[PDB]
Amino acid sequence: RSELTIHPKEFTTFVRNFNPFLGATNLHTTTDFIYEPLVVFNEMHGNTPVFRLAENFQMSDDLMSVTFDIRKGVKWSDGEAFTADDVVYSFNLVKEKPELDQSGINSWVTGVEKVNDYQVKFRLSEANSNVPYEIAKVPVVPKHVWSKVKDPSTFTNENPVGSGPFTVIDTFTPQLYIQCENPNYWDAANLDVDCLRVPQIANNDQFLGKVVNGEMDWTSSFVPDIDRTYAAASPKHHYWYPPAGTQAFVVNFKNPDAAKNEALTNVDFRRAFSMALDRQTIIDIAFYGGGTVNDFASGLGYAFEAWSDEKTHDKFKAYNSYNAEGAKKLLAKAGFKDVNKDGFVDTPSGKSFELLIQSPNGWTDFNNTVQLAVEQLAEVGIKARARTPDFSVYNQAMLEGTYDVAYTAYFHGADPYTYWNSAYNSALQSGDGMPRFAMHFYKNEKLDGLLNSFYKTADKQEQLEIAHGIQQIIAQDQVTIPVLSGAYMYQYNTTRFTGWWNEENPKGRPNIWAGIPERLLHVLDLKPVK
């Protein structure tokens, strides 16, 4: 039988949790593989909808509602019928327990109402032509099971009944689990892989010893010096790194320390921090060349230059280029002056400070980026120190607002809104299920206003106008310190499977991570070799 070895997420121990709503604590093979989406939007190919459990959808002229047609004939793994009842339940379950809202769907969807057993109506809070894409982010679970659960917020869901390709838990240990074919998969005819095989891997250099040895099939991890280390080991060791999203230093505007708050909330300081960075050095050393300098103050990218008001970009490009002497003289003009003879600048109010910059434990490319930056900042007089907390701790720090500076990447969408909304909408700053991305706690009502209006109408210019509005607010306020535009790291082995997505066959985002819904479409193209 065919076993496909994947690695979507680092773990030190496998805890049996297949609750699709508990993304900070669950296993990362639950979404897509156990709970198939209504639609998969192909973000690499202009958000083209690929219909799965939903047949079709249509907005109204109002842009105030949308109806999804559920596909008939679909079965859960326990034989029960997949219906609009299940879709309508799940959107209620998120609606009444918003700690399960991980994308901010509650903000968009006023309520979920059902026409027939295969038609669901969504009533909107605001005009949004992109709301089918938001809707698809939400997990759909069997109401036939989840209804008499007393607390879905803490349900570990260890014995899952799903709609997706791999719902059977064949094996489970703390260091390995095997996830096998749903006996009743609606698309079973299209599926040629038997099982997902998921080994426990704690960090990048434990990973490195496995993948160089050919033990993996499908991965998306950072691999140091990949050409001499991984490529050279076998002719069947392959990779393809299509361009991905923004990576940036995020500063905490609500830091509880008087001294650090004084520095981090100062735009001259954020700018001097940014000019101290050598972006192109970080790319070549920390990532071995795998990226592109991002000198947009707005974080826009390079990939979305068509979207760019290049009058906004030019006015602040200097504050996002390597200029160590510029950094020093900006610190001096601002009044960040070393008054205690340590060589490190102090706040205007006279207090000494050091910036603690965090990146997740085991994310060695990020870890090296931060330590590089620590050195770069020391040269211009800013004292910082690198920290590498466990991802859960790194994550909690940001949601709670206890961190100083954090290095993070963002997801890369079909347009600039996936980055800008996730990184800057202040609505996404409260809520226990919220991701870390907007957690700098900078708030600007007018920024949120443009963001939510990005899809209020259907003409290209007005949208593009609204983009230039957003780019302008962000860049002049230097809210974050953008560094580079990264790569969708992706490695695949043709030893045991064929049909892989690659540069010759670029069917979509190729990664195995949770939050890349195209990974369902990807596994459906895979079949064994001999």
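In this text, residue numbers run from 1 along the sequence as written.
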Notebook entry, point to check: Which is higher in the entry, the mean Cα B factor of 468-476 or that of 30-38?
Noted result: 468-476
Notebook entry, point to check: Out of 302-310 and 354-362, which stretch has the higher average CA B-factor listed in the record?
Noted result: 302-310
Check: Going by the entry, which of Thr495, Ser485, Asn502, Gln491 has the most elevated CA B factor?
Finding: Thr495
Margin query: Can you tell me which of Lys72, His440, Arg228, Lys137 has the maximum CA B-factor listed in the PDB entry?
Written below: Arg228
Notebook entry, point to check: Relative to the other modelled residues in the chain, which third contains the C-alpha temperature factor of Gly164: lowest, middle or highest?
Noted result: lowest
Notebook entry, point to check: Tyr319: which third of its chain by C-alpha temperature factor?
Noted result: middle
Next item on the list: Would you mind ranking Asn340 by its C-alpha B-factor against the rest of the chain and naming the third, lowest, middle or highest?
Entry: middle
Next item on the list: Give the position of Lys530 by CA B-factor within its chain, expressed as the lowest, middle or highest third.
Entry: highest
Next item on the list: Would you mind checking where the Cα B-factor of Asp284 ranks among the modelled residues of its chain, as the lowest, middle or highest third?
Entry: highest
